[PDB]
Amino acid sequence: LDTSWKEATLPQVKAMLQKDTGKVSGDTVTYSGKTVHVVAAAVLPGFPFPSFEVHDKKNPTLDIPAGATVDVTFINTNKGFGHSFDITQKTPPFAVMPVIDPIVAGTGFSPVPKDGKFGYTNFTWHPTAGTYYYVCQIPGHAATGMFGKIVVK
């Protein structure tokens, strides 16, 4: 799993959030092109706890074109918790301690926000067609809704 983290101040976080290359429609974000950029964040201020936000939507379904290189940036903006962003083919409902192995691509637990900064990381993914789920591994978070669906077709 990806366990390399960097630190960003709030203006940087806001700059990164804007680089998500998807197009929104309802609660679905559709990507296109050879290399797509997904920028996900754990609980942006004002959004429900616990949840992921992508392109300013709460836990949206991501539609990725088969064959595309997926560059994912995950930022933890939630004070007090070190959420994770992990892709699995296991489906909901998720248990308190969810069984999601094998994890196809993902992040380890992120550092908690500190000293006016937020931890973030980048990882690459080359999916095969089919449906996946992005989830947080902190006990009880996926069970309470911190997960979204990904359709690679």
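Residue indices: 1-based, along the sequence shown.
Taking the mean C-alpha B-factor of each stretch as recorded, 124 to 132 and 35 to 43 are not equal, and the higher mean is that of 124 to 132.
Checked against the record, the higher mean CA B factor of 51 to 59 and 26 to 34 lies with 26 to 34. In the deposited entry, the Cα temperature factor of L1 places it in the highest third of its chain's modelled residues. In the PDB entry, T88 places in the middle third of its chain by CA B-factor. Among all modelled residues in this chain, the alpha-carbon of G119 has a temperature factor (C-alpha) in the middle third. Ranked by C-alpha B-factor against the other modelled residues of its chain, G106 falls in the lowest third.
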